[PDB]
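Just so you know, the protein sequences line up as chains L and H, in that order.
Numbers 2 to 7, 9 to 27, 27A to 27B, 28 to 95, 95A to 95B, 96 to 106, 106A, 107 to 209, taken from the authors' numbering, label the letters of the first sequence in order.
Numbers 2 to 34, 35A to 35B, 36 to 82, 82A to 82C, 83 to 96, 100D to 100G, 101 to 126, 129 to 213, taken from the authors' numbering, label the letters of the second sequence in order.
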Amino acid sequence: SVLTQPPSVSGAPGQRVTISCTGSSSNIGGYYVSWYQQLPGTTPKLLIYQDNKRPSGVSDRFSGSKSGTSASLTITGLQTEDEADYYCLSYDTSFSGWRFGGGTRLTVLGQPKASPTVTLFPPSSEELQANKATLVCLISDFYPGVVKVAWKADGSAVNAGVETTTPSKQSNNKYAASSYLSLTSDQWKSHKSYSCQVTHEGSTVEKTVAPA
Amino acid sequence: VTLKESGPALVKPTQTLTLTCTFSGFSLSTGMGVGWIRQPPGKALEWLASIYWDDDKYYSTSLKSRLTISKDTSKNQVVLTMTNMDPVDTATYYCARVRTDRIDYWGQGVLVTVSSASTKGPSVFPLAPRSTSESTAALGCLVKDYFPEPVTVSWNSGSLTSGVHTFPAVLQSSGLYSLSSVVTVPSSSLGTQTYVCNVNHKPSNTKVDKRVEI
């Protein structure tokens, strides 16, 4: 009654890395193990089956290793395209069917910083007619995936009505996010300037829009 | 080999969820079977149940009285039934083929939200360019205040795909989602070409084609 996986591992580009699933006499010990990869926003893909066997089209950078209550997946020649979540799978004689590992998020450590692109939209004419005003701040193509988003009104810090999404991995291993400043039409007209301030890795990119 | 799930986007608590997976590229023969695996948003995969050529049914012990699986090689479908749905069951539900055993191919998955809140169609507003014109202009659509997920956005009926970026939605304390989709185009192209976003919120049976003028 166990299937432990490290939630996060990381390796250096061009090197080897191991992902291990630890268990007991009921799971990996005595039952076959499969491995699966899930890139961001896509469906899982069969890595290794029958502990050692890879289907066709699969890269031979990957391989599975058996030894008792431990199963391991190895990735040679690590590349940035390998950043994904990796799961193991095996039956357990304590429950009735298959158990998935917790999943291991793989990070590749050699990637350079990318500063974010910031696009700020004022509220539409249609929304102001409904007496509302949503300012949209779109944050794209930044690495690593951490930003702080602050809002300003006439240079002064805004303290309410801000909601920002968690960063999300995109196609090219960079990250994207968005932040919304939800106001009424009167609040939007009450100031001369509104600013979206994006702090990434210590530097700040500010974009400003005006009701006029 | 194409697997396809279908089910309601929203299920109220304690009600019954019924999935059906229509398949292609095989049939429950051989020693082949079709499985069901779910995944809460941003979380791990959980195997639910699977059925084989025997009509041999295997279920998760964690889901005792809740799971029934059934096949129909006639209309080529596979149906799973989960009773007493809880918000903890909110997940993307995948149907996959299983071929000792292994999962071969995965469907795209259907998103199911277990909530007591009501469906709400979105309000679509244009994200008009001044951005005192640079060589490129960003225009888009604000898909505002909808529930539940998901929402799909294309541009110009799928004919415009190059400068497209649809952003993941924000969840307000209201319980309503909002997202923005924007396309980056040459500012030379703002008169040569019309730009319309195709928003589809299937949970509310609403499609909106909103043009972004100016």
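Heads up, the beta-carbon is just placed ideally off N, CA and C, and yes, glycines get one too.
The alpha-carbon separation between H:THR19 and H:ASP86 amounts to approximately 13 Å. Taking CB atoms only, L:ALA209 has no neighbour in chain H less than 8 Å away.
Under a criterion of Cβ atoms nearer than 9 Å, the residues of chain L adjacent to H:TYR58 are, in order, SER95A, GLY95B, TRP96. A direct Cα-Cα distance of roughly 19 Å separates L:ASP151 from L:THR196. Taking a cut-off of 8 Å for Cβ pairs, the segment 155-172 of chain H and the segment 192-205 of chain H touch, as three or more such pairs fall below it. At least one CB of chain L lies nearer than 8 Å to the CB of H:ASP101. In the DSSP assignment, L:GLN38 forms a beta bridge with L:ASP85. Taking 8 Å as the threshold, the shortest C-beta distance from L:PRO44 to chain H falls below it.
The CB of L:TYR87 comes closer than 9 Å to the CB of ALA44, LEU45 in chain H, given here in chain order. Within the segment 170-182 of chain L, contact with chain H at the beta-carbon level (separation under 9 Å) is assigned to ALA173, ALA174, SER175, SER176, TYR177, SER179.
The alpha carbon of L:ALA14 has as its nearest neighbour, out of L:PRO113, L:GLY107, L:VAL155, L:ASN170, the alpha carbon of L:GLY107. Nearest to L:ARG61 by C-alpha distance, out of L:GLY142, L:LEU46, L:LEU78, is L:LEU78. H:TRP36 carries a strand assignment under DSSP once its states are collapsed to helix, strand and coil. For H:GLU212, there is no enclosing beta strand (DSSP E), as DSSP gives it neither H nor E. Non-local beta-carbon contacts of L:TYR172 in its own chain, meaning distances under 7 Å to residues more than five positions away in sequence, involve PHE139, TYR140, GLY142, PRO164, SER165, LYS166 in chain order.
Along the segment 129-201 of chain L, the beta strand (DSSP E) occurs as fully enclosed runs of 3 or more residues at 129-139, 145-150, 159-161, 172-181, 191-197, listed in sequence order.
In the DSSP annotation of this structure, the continuous segment of the beta strand (DSSP E) that includes H:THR183 starts and ends at 176-185. Interface with chain L (8 Å Cβ-Cβ cutoff): H:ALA137 is included.
A residue is called buried once 16 or more other Cβ atoms fall within 10 Å of its Cβ, and H:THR100D, having fewer, is exposed. Around the C-beta of L:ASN27B, 16 or more other C-beta atoms lie within 10 Å, and the residue is accordingly described as buried.
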